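Shown next: model_9.txt, containing compact mmCIF, C-alpha atoms and all ligand atoms.
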# COMPACT_ATOMS: atom_id res chain seq x y z
CA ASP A 1 31.67 -75.33 18.53
CA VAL A 2 34.86 -74.10 16.89
CA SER A 3 35.64 -70.59 15.65
CA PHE A 4 38.16 -68.92 13.38
CA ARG A 5 38.80 -65.19 12.82
CA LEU A 6 40.44 -63.96 9.63
CA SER A 7 41.31 -60.64 11.25
CA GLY A 8 44.81 -61.09 12.61
CA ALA A 9 45.00 -64.62 11.21
CA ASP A 10 48.42 -66.07 10.45
CA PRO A 11 49.79 -69.55 9.75
CA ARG A 12 50.00 -70.28 13.48
CA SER A 13 46.40 -69.35 14.36
CA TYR A 14 45.03 -71.12 11.31
CA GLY A 15 47.01 -74.21 12.29
CA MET A 16 45.55 -74.05 15.75
CA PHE A 17 42.03 -73.69 14.37
CA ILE A 18 42.51 -76.78 12.17
CA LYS A 19 43.83 -78.72 15.16
CA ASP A 20 40.74 -77.66 17.11
CA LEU A 21 38.45 -78.61 14.21
CA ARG A 22 39.97 -82.11 14.08
CA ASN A 23 39.73 -82.48 17.85
CA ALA A 24 36.07 -81.43 17.86
CA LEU A 25 35.17 -84.59 15.92
CA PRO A 26 34.30 -87.65 18.02
CA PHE A 27 35.98 -91.04 17.68
CA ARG A 28 35.99 -94.23 19.70
CA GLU A 29 39.17 -95.69 18.25
CA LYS A 30 42.28 -94.98 16.22
CA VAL A 31 43.57 -97.07 13.35
CA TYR A 32 47.34 -96.85 12.94
CA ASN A 33 47.12 -93.91 15.34
CA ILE A 34 44.64 -92.00 13.14
CA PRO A 35 41.20 -91.11 14.53
CA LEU A 36 38.48 -93.24 13.01
CA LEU A 37 35.33 -91.19 12.50
CA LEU A 38 32.15 -92.78 13.83
CA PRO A 39 29.87 -94.91 11.63
CA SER A 40 26.89 -92.81 12.71
CA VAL A 41 25.62 -90.25 15.21
CA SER A 42 21.92 -89.72 15.94
CA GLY A 43 20.25 -86.36 16.31
CA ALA A 44 21.75 -82.91 16.67
CA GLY A 45 25.08 -84.22 17.96
CA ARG A 46 25.83 -85.24 14.39
CA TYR A 47 26.65 -81.63 13.52
CA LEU A 48 29.57 -79.45 14.48
CA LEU A 49 29.12 -75.70 14.20
CA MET A 50 32.05 -73.67 12.82
CA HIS A 51 31.85 -69.92 13.41
CA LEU A 52 33.88 -68.12 10.75
CA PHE A 53 34.57 -64.38 10.82
CA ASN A 54 35.78 -62.41 7.82
CA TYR A 55 38.35 -59.65 8.17
CA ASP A 56 35.58 -57.13 8.95
CA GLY A 57 34.16 -59.32 11.73
CA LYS A 58 31.07 -60.41 9.83
CA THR A 59 30.24 -64.03 10.41
CA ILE A 60 28.71 -67.21 9.06
CA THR A 61 28.07 -70.41 10.98
CA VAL A 62 28.82 -73.62 9.07
CA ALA A 63 27.28 -77.01 9.95
CA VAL A 64 29.60 -79.98 9.52
CA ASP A 65 28.61 -83.66 9.67
CA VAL A 66 31.07 -85.15 12.15
CA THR A 67 31.01 -88.63 10.58
CA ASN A 68 32.50 -87.46 7.28
CA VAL A 69 33.53 -83.78 7.71
CA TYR A 70 31.02 -82.81 4.99
CA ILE A 71 29.60 -79.29 5.09
CA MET A 72 25.80 -79.52 5.09
CA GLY A 73 24.90 -75.88 5.08
CA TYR A 74 25.50 -72.56 6.78
CA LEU A 75 23.76 -69.62 8.45
CA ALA A 76 24.32 -66.05 7.32
CA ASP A 77 22.47 -63.50 9.47
CA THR A 78 18.86 -64.80 9.51
CA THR A 79 18.97 -67.00 6.39
CA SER A 80 20.07 -70.62 6.37
CA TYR A 81 21.47 -72.29 3.25
CA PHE A 82 21.62 -76.05 2.65
CA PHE A 83 22.91 -78.24 -0.17
CA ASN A 84 20.29 -79.94 -2.30
CA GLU A 85 20.86 -83.47 -1.02
CA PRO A 86 19.13 -85.76 1.51
CA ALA A 87 21.86 -85.49 4.18
CA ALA A 88 21.54 -81.69 4.24
CA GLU A 89 17.75 -81.81 4.28
CA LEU A 90 18.11 -84.00 7.37
CA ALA A 91 20.63 -81.60 8.89
CA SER A 92 18.12 -78.80 8.52
CA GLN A 93 15.86 -80.63 10.97
CA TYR A 94 18.48 -79.95 13.67
CA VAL A 95 20.60 -76.86 12.92
CA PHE A 96 19.69 -73.21 12.25
CA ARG A 97 15.97 -73.81 12.80
CA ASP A 98 15.64 -70.26 14.16
CA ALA A 99 16.54 -68.83 10.74
CA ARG A 100 13.72 -66.72 9.31
CA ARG A 101 14.01 -68.56 5.97
CA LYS A 102 15.83 -71.54 4.49
CA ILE A 103 17.28 -71.48 1.00
CA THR A 104 18.15 -74.79 -0.62
CA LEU A 105 21.13 -74.23 -2.89
CA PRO A 106 20.60 -75.34 -6.51
CA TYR A 107 23.24 -78.06 -6.28
CA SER A 108 24.43 -80.87 -4.04
CA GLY A 109 27.65 -80.54 -2.04
CA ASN A 110 30.03 -82.69 -4.07
CA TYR A 111 32.90 -81.33 -6.11
CA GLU A 112 31.47 -82.43 -9.46
CA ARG A 113 28.24 -80.45 -9.02
CA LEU A 114 29.88 -77.47 -7.35
CA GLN A 115 32.43 -77.14 -10.18
CA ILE A 116 29.65 -77.20 -12.77
CA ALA A 117 27.74 -74.48 -10.87
CA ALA A 118 30.88 -72.37 -10.44
CA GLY A 119 31.76 -72.84 -14.11
CA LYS A 120 35.32 -73.73 -13.11
CA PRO A 121 37.20 -76.79 -11.84
CA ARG A 122 39.06 -76.72 -8.47
CA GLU A 123 42.31 -76.68 -10.34
CA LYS A 124 41.64 -73.13 -11.51
CA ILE A 125 40.32 -71.60 -8.27
CA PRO A 126 42.91 -69.99 -6.01
CA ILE A 127 42.72 -70.96 -2.34
CA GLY A 128 44.28 -69.52 0.79
CA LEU A 129 43.30 -67.39 3.75
CA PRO A 130 42.50 -64.34 1.59
CA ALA A 131 40.26 -66.58 -0.55
CA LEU A 132 38.53 -67.82 2.61
CA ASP A 133 37.92 -64.22 3.66
CA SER A 134 36.38 -63.65 0.24
CA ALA A 135 34.34 -66.83 0.49
CA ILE A 136 32.81 -65.86 3.86
CA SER A 137 31.92 -62.42 2.50
CA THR A 138 30.33 -63.94 -0.61
CA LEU A 139 28.22 -66.35 1.41
CA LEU A 140 26.82 -63.45 3.46
CA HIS A 141 24.61 -62.41 0.53
CA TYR A 142 22.94 -65.01 -1.63
CA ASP A 143 24.31 -65.54 -5.14
CA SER A 144 24.23 -69.23 -6.12
CA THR A 145 26.87 -69.05 -8.86
CA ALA A 146 29.24 -67.03 -6.67
CA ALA A 147 28.44 -69.25 -3.69
CA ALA A 148 29.54 -72.37 -5.59
CA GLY A 149 33.09 -71.02 -5.96
CA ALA A 150 33.06 -69.74 -2.37
CA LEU A 151 32.00 -73.16 -1.11
CA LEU A 152 34.80 -74.83 -3.11
CA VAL A 153 37.21 -72.54 -1.24
CA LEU A 154 35.53 -73.10 2.13
CA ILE A 155 35.50 -76.89 1.83
CA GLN A 156 39.17 -77.11 0.95
CA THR A 157 40.39 -74.61 3.57
CA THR A 158 38.44 -76.27 6.40
CA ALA A 159 37.34 -79.90 5.87
CA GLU A 160 40.18 -80.93 3.50
CA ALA A 161 42.80 -79.20 5.68
CA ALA A 162 41.38 -81.07 8.68
CA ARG A 163 41.70 -84.38 6.80
CA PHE A 164 45.25 -83.86 5.51
CA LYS A 165 48.20 -82.15 7.19
CA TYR A 166 49.66 -81.50 3.72
CA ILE A 167 46.59 -79.50 2.72
CA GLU A 168 46.70 -77.61 6.03
CA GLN A 169 50.33 -76.72 5.20
CA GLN A 170 49.39 -75.65 1.68
CA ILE A 171 46.86 -73.21 3.12
CA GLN A 172 49.42 -71.95 5.66
CA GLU A 173 51.75 -71.21 2.71
CA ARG A 174 48.82 -69.24 1.24
CA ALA A 175 48.13 -67.16 4.37
CA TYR A 176 48.70 -63.81 2.59
CA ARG A 177 48.60 -64.85 -1.08
CA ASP A 178 46.11 -67.18 -2.75
CA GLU A 179 47.26 -69.87 -5.18
CA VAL A 180 45.49 -72.67 -7.04
CA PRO A 181 45.81 -76.02 -5.29
CA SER A 182 48.76 -78.28 -6.12
CA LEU A 183 48.12 -81.50 -8.03
CA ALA A 184 48.96 -83.33 -4.80
CA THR A 185 46.20 -81.43 -3.00
CA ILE A 186 43.66 -82.44 -5.66
CA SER A 187 44.83 -86.08 -5.58
CA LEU A 188 44.51 -86.30 -1.77
CA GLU A 189 41.05 -84.75 -1.84
CA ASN A 190 39.96 -87.24 -4.51
CA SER A 191 41.45 -90.15 -2.55
CA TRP A 192 40.23 -89.53 1.03
CA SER A 193 37.56 -92.23 0.93
CA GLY A 194 39.89 -94.72 -0.77
CA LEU A 195 42.80 -94.04 1.58
CA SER A 196 40.47 -94.29 4.57
CA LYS A 197 39.16 -97.65 3.38
CA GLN A 198 42.57 -99.14 2.67
CA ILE A 199 44.04 -98.03 5.99
CA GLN A 200 41.15 -99.78 7.80
CA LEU A 201 41.51 -102.86 5.56
CA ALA A 202 45.23 -102.90 6.29
CA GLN A 203 44.30 -103.79 9.85
CA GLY A 204 44.02 -107.56 9.45
CA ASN A 205 46.47 -107.42 6.55
CA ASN A 206 49.72 -106.53 8.43
CA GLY A 207 49.55 -102.87 7.44
CA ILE A 208 49.33 -103.77 3.74
CA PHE A 209 46.71 -102.18 1.48
CA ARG A 210 44.32 -104.64 -0.19
CA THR A 211 44.32 -102.29 -3.17
CA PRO A 212 47.11 -99.77 -3.81
CA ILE A 213 46.18 -96.07 -4.02
CA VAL A 214 47.81 -93.87 -6.69
CA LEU A 215 48.51 -90.26 -5.67
CA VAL A 216 50.45 -87.33 -7.01
CA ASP A 217 53.24 -86.21 -4.69
CA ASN A 218 54.50 -82.73 -3.78
CA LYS A 219 56.91 -82.77 -6.75
CA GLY A 220 54.15 -83.58 -9.22
CA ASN A 221 55.05 -87.25 -9.71
CA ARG A 222 52.82 -90.36 -9.59
CA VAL A 223 53.34 -92.49 -6.51
CA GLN A 224 51.73 -95.71 -5.39
CA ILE A 225 50.75 -96.14 -1.75
CA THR A 226 50.77 -99.81 -0.75
CA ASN A 227 51.08 -99.87 3.04
CA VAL A 228 50.84 -97.91 6.27
CA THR A 229 54.57 -97.06 6.45
CA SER A 230 54.00 -94.51 3.70
CA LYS A 231 54.36 -90.89 4.82
CA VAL A 232 50.81 -90.28 3.61
CA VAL A 233 49.66 -92.62 6.40
CA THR A 234 52.25 -91.86 9.09
CA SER A 235 52.30 -88.06 8.83
CA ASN A 236 49.68 -86.73 6.42
CA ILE A 237 46.13 -88.09 6.80
CA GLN A 238 44.52 -87.02 10.14
CA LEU A 239 40.98 -88.49 10.01
CA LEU A 240 39.56 -91.73 8.59
CA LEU A 241 36.14 -92.02 6.98
CA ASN A 242 34.51 -95.10 8.49
CA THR A 243 34.21 -98.00 6.01
CA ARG A 244 30.56 -98.23 7.06
CA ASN A 245 30.07 -94.99 5.08
CA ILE A 246 32.08 -95.90 1.96
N1 LIG A 301 30.40 -80.62 1.00
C1 LIG A 301 31.66 -80.83 1.55
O1 LIG A 301 31.95 -80.37 2.62
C2 LIG A 301 32.62 -81.61 0.79
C3 LIG A 301 32.57 -81.72 -0.59
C4 LIG A 301 33.52 -82.47 -1.27
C5 LIG A 301 34.51 -83.09 -0.54
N2 LIG A 301 34.60 -83.00 0.81
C6 LIG A 301 33.67 -82.27 1.43
Would you mind writing the structure in this file as structure tokens?
Ligand SMILES: NC(=O)c1cccnc1
Amino acid sequence: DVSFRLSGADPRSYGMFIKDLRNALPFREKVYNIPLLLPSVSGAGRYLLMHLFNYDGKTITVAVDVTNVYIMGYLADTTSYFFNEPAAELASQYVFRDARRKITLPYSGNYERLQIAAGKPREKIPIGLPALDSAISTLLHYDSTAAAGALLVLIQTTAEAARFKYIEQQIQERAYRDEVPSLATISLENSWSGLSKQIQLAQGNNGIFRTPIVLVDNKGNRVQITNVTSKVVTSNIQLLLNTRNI
């Protein structure tokens, strides 16, 4: 398991937590020195538990699929909550079975459906460590509309930060003040599968992408990523989604 406490949290401890989260995910190989997530994992070992504590020391446990860093569901006190999707239904066969009741959230876990439920796109939702504190507190007591926004915060401050050093840094810059995500953050989130695929395809193609990926950079400009010497590949991305799952 991994754990993170918001009480006393600072950019350093958050950075350490994200390092630990990345290193909790299994891999058999690296591609251009980036861990390649496994094609599949059978049984309970498929799920990483993240224990998150809000500033007051109240806690939720979050179940993460280690093949794709997708949040499946979470436990708050004696109630489990799972996304309305087959992968999360499966997860519920393995994690939080001791919960006195299971609520299936009235949406799947993807950004499109979460944004509709929250009534707001990601672009307009501030993120940061204070927002994560808020998100944990919200998830403690069921409210599906509120939970959609909280989960958008949770996903980006944990899974997306694990996937991209740039996003980790953006959250560190928001340790004591929330701010909506940069355009670059959104672009990276939207491109994780595509980047992952092209980096794997580049192996056998001399580091050259079969299909370029268009991102927005930290200055707000369009950039085209065509090969593995790009900073997005050498410094930024930290985990690759296996092409078997794309
Ligand atoms: N459900 C998730 O954890 C999730 C959603 C969208 C993108 N990445 C992860």
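The shortest atom-to-atom distance to residue 82 in chain A, with all atoms listed in the file taken into account, belongs to A:142 out of A:142, A:176, A:32, A:4.
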Find the spatial neighbours of residue 92 in chain A, counting only C-alpha atoms, within a cut-off of 9 Å - ignore same-chain residues fewer than 3 positions away - and output them as a PyMOL selection string. chain A and resi 72-73+80+82+87-89+95-97+102
Give the centre and edge lengths of an axis-aligned box, in Å to one decimal, that holds all listed atoms of range 151-157 of chain A with 4 Å on each side, as lines of an AutoDock Vina configuration file.
center_x = 36.2
center_y = -74.8
center_z = 0.2
size_x = 16.4
size_y = 12.6
size_z = 14.7
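Environment of ligand LIG 301 (chain A), defined as every protein or nucleic acid residue with an atom within 6 Å of it and counting all atoms listed in the file, comprises residues 70, 71, 109, 110, 111 and 155 of chain A.
One distance worth recording is that between CA of residue 218 in chain A and CA of residue 152 in chain A, which is 21.2 Å.
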Ranking A:139, A:214, A:195, A:159 by minimum distance to residue 22 in chain A and counting all atoms listed in the file, which one comes first? A:159
With distances taken over only C-alpha atoms, which residue among A:118, A:55, A:124, A:46 lies nearest residue 94 in chain A?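 Looking at the shortest contact to residue 94 in chain A, the residue is A:46.
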Proximity to residue 244 in chain A - best of A:190, A:108, A:211, A:67, all atoms listed in the file: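 Smallest distance to residue 244 in chain A is found for A:67.
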Can you tell me which residues surround residue 222 in chain A at a distance of at most 12 Å, considering all atoms listed in the file, apart from same-chain residues fewer than 5 positions away, and format the answer as a PyMOL selection string? chain A and resi 183-184+187+213-217
Residues from last step as file, C-alpha atoms, as a PDB file, keeping the file's coordinate frame:
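As a result, out11.pdb now contains:
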ATOM      1  CA  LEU A 183      48.120 -81.500  -8.030  1.00  0.00           C
ATOM      2  CA  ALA A 184      48.960 -83.330  -4.800  1.00  0.00           C
ATOM      3  CA  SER A 187      44.830 -86.080  -5.580  1.00  0.00           C
ATOM      4  CA  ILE A 213      46.180 -96.070  -4.020  1.00  0.00           C
ATOM      5  CA  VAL A 214      47.810 -93.870  -6.690  1.00  0.00           C
ATOM      6  CA  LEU A 215      48.510 -90.260  -5.670  1.00  0.00           C
ATOM      7  CA  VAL A 216      50.450 -87.330  -7.010  1.00  0.00           C
ATOM      8  CA  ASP A 217      53.240 -86.210  -4.690  1.00  0.00           C
TER       9      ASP A 217
END
Rank nothing, just name the residue among A:127, A:66, A:117, A:16 nearest to residue 35 in chain A, using all atoms listed in the file.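 Looking at the shortest contact to residue 35 in chain A, the residue is A:66.
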